[PDB]
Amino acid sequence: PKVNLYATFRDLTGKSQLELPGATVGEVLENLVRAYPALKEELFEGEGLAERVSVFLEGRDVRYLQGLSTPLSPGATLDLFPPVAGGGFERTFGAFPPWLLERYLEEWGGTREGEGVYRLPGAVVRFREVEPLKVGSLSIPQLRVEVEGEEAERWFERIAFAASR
């Protein structure tokens, strides 16, 4: 599975993304600390996950799934965040059209403040289509999404959840 590191975790390892083996969230995280032990102190509190850390599987907080026991497929992606704080995060989504993201933002009560700019409670979401990816004769649009604000983490993951649909 792929592991995306944010904020503190990124600064502490020099890495933004890693590919690590594991059939459950726990297995992947145990391998993460075997690879970068500097993260052990912040990721685990005793045997379980540290209470202030947030781990998301395809946009879903794993705590509301099966936590460390959550099964995952080999190609799954996890997002790891240290204690919540105001910030800015970005991600490029494949085949996630602007109009569709807009519909989600509108359905969440977001207010349009410009073309590709929406304000949500505690965050501002900015998005623009970048260079499409080419797979054979198929052009796959790519959408760059940036989220910043006190609740940037929350909305950033809500968007990842939406895109997974």
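Don't overthink the numbering: it's just position in the shown sequence, from 1.
J.: Between 50 to 58 and 108 to 116, which has the larger average Cα B-factor in the PDB entry?
T.: Between 108 to 116 and 50 to 58, it is 108 to 116 that shows the higher mean C-alpha B-factor.
J.: Return whichever of 5 to 13 and 147 to 155 has the greater mean Cα B factor according to the PDB record.
T.: Taking the mean B-factor of the alpha carbons in each, 5 to 13 is higher.
J.: Among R63, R128, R34, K134, which residue carries the highest C-alpha B-factor recorded in the PDB entry?
T.: The C-alpha B-factor peaks, among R63, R128, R34, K134, at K134.
J.: Which third of the chain does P98 land in by C-alpha B-factor: lowest, middle or highest?
T.: As the PDB entry reports it, the C-alpha B-factor of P98 lands in the highest third of its chain.
J.: Split the chain's modelled residues into thirds by Cα B-factor; is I140 in the lowest, middle or highest one?
T.: It belongs to the highest third of the chain when residues are ordered by C-alpha B-factor.
J.: Based on the deposited C-alpha B factors for this chain, I'd like to know if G67 is in the lowest, middle or highest third.
T.: Answer is lowest: the recorded C-alpha B-factor places it there.
J.: Ranking the modelled residues of this chain by C-alpha B-factor as given in the entry, is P82 in the lowest, middle or highest third?
T.: As the PDB entry reports it, the C-alpha B-factor of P82 lands in the highest third of its chain.
J.: With respect to C-alpha B-factor, does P121 fall in the lowest, middle or highest third of the chain as deposited?
T.: It falls in the top third of the chain.
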